[PDB]
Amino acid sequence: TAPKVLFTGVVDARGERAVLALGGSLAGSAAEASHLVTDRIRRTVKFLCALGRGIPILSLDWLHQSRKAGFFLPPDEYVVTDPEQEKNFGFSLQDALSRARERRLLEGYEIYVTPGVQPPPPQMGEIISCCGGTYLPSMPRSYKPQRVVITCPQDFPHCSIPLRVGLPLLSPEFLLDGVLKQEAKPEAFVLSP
């Protein structure tokens, strides 16, 4: 149906007006969105969620050129193209979207997040779920493969339980880097003493 467009990192009244004028609507959440519009690669919660879902991530020019044309244009020419950020992170946004379209990055993972992590637990939970993973709101107390805990040094006192039952402690970068690149490599993010 008509696009349900989410925005991140931008203030774009013109863009919103274009969405509206062309028969689309504003998405209330990543879960509800068909498209994400932004100006460059920005690791916001919305961006990571959209990427995890595989929805098109398009520049502001998509809407402006669509309004000029009088109809929503195909997304292809408007994919966000940010070579500086691609170089920095060692990834391709198009290739990561392709991976998200082929499979759910975190299916089969169960992930708990300790309270001091950034982004905070409920925001991590949104990202996790957008990648098809299972967010755990309660502390896990038994071992299962791919059941992991995202934590940080500040939260060491909160890791006694997962440490005992053998659940890996991972830095937030497991998700911040992994979801951006659409790779799940927990080994690389295990926290040392």
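We number the residues from 1 along the sequence you see.
- The mean C-alpha temperature factor is higher for 8-16 when 168-176 and 8-16 are set side by side.
- When the C-alpha B-factors of 151-159 and 26-34 are averaged, 151-159 comes out higher.
- Across 47, 62, 135, 143, the entry's maximum B-factor at the CA atom is seen for 143.
- Taking the deposited Cα B-factors for 112, 109, 71, 89, the highest one is held by 89.
- Residue-level temperature factors show residue 118 in the lowest third of its chain, judged at the C-alpha atom.
- Split the chain's modelled residues into thirds by C-alpha temperature factor. Residue 41 is in the middle one.
- Among the modelled residues of its chain, residue 130 has a C-alpha B-factor that falls in the lowest third, as given in the PDB entry.
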